[PDB]
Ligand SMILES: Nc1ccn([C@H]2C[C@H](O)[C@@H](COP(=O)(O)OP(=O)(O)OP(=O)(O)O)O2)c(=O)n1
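Okay, so here's just one chain, in structure tokens, the form deposited without 2'-deoxycytidine-5'-triphosphate.
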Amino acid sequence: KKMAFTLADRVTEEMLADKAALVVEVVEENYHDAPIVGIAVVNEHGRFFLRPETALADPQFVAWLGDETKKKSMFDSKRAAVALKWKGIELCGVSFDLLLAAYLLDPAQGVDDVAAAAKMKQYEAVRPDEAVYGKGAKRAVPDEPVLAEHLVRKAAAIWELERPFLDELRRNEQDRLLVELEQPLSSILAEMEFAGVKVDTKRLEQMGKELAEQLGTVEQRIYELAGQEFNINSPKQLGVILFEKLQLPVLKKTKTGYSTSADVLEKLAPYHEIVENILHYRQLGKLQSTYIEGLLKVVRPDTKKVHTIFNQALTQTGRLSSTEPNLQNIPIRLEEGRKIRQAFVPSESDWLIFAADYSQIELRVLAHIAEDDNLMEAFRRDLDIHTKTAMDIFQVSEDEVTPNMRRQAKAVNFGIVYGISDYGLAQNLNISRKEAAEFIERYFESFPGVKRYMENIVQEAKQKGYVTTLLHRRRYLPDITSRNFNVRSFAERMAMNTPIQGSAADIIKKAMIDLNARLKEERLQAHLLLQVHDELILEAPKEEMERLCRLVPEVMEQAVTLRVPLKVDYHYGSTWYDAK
């Protein structure tokens, strides 16, 4: 039975009630400077559909949109807020976001539309967006009649679902998480995406020309060493050359053929000169295709900026993700790739890039949650945690710690966070499972509190069915009870890791909110550009650097109070590359 609503030709007073479910539809996946195809409002007075051209041109409606006292309940308010920003319209008063509410209740559901969220509460009087708009090449906005009914049904669902979702969040003790953390953060992410990051395209293009030159040389050297030309970027073709023509040892095979992963190649390097060249070709090719050409494709030609979209409702741990482009995985580990960062510059003359990052936040969080005396003392002394771990595992003085000892202690620390696994550690340290287990055993002997936490958290995950983070984020782990070793083990590691990675996510999100409040109180022009899991990147007038050096680390270090201090390092410079 069709849903009744008024297809309005003009905005009326009853459409501006102080509480309503609001839909400002942007069908385009990437909502930057995208069109708004329709608007729906459901409130105490009824259900309404408004054409965007009329609604967005009406002073009363626009004023209502920007009035913080007029409360709106929506789904993915960031999408609408950013689309409206590109139109010079401010959206305020969003007191409930169904997407974020759904995400907090169960990030595993992968709720990406109103229909999916509504299905969680047995509400199915709304169609999934894909069914209405189609997908990809066939994606398209339907005729007004169909479009109008769909937006109204989504608004109607939101109107009906707010109460039950809020009630469950409250029983989960996640009400403040939604209202005081995720929703306020959504607005901050909206500002960041809209602001964008300036790219020096001329510099990128120049790097691309040089890369193309080097790739050409390595490419030819590879054909020369192989004795024939082939598609180096084809794991299949490369496999034939390496393991058949050149007879290199097959130490690993994928599900469908020979493995040519870098870790595999690294082992074959001693056998033939072609290997080192393939690795070099892989590095340069990655930079060229993904960080030069890929980046250049998404730079807005008019503003010369990239406007990423932070998916705030995707990861199972509470972390954000970044797309079009992904600005959370710009090269930095290898110098040649790190140079890509010289292309990210301040958006204004005489401004500078400022970057602040937490030092070992995950291990500090673990020290706090596990209450491991040794680990807590280590951070209280602000010791080099890898050297310290090496000292305990190997029972040597600081002077006796060799570079390799520290390298292995570092590997154990990087993994201890992801949940112990002799197999996983063995792979990273290229050792036997028996030996890896011995390392783990030694680690636990030195950090008994951590061992206790690992056992206790797995037990809690089994008892309650989920694990939680410092700010009450949760993750259900049904596989924790599986009678399949591998499946159960994966769930156990998630149980061990989620409270760590997740609480670190909670902390930096809170830091972002606290930071913006401080930046506003101080009337600084500085503003956030990016978040990369444990670091914040801002840009600001050079005249604000000294103030930022004191303000940013403090706000980040004081976001939450743990049993150990939080430490933040910072750097600034003319480009993102220089912010080191």
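Each residue number is its position in the shown sequence, starting from 1.
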Between the two ranges 92-100 and 481-489, the one averaging a larger CA B factor in the entry:
481-489
Using only C-alpha atoms and the B-factors in the entry, which stretch averages higher, 556-564 or 9-17?
9-17
Which one of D143, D506, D175, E455 shows the top CA temperature factor in the record?
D143
Please work out which residue in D384, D372, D112, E124 has the highest C-alpha B-factor recorded for this crystal structure.
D112
Quick one: classify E521 as lowest, middle or highest third of the chain based on its Cα B-factor.
middle
Relative to the other modelled residues in the chain, which third contains the C-alpha temperature factor of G424: lowest, middle or highest?
highest
Relative C-alpha B-factor of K542, binned into the chain's lowest, middle or highest third:
middle
Can you tell me whether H533 has a C-alpha B-factor in the lowest, middle or highest third compared with the other modelled residues of the same chain?
lowest
Among the modelled residues of this chain, does the Cα B factor of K119 put it in the lowest, middle or highest third?
middle
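Below, we turn to the form solved in complex with 2'-deoxycytidine-5'-triphosphate, even though it does not appear here.
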Considering non-hydrogen atoms and a 4.5 Å limit, does 2'-deoxycytidine-5'-triphosphate approach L471 in the entry with it bound?
yes
Given that 2'-deoxycytidine-5'-triphosphate is not shown alongside this chain, does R176 nevertheless sit within 4.5 Å of it in the entry with it bound, heavy atom to heavy atom?
yes
Only one of 347-355, 394-402, 88-96, 176-184 gets a heavy atom within 4.5 Å of 2'-deoxycytidine-5'-triphosphate in the entry with it bound; which is it?
176-184
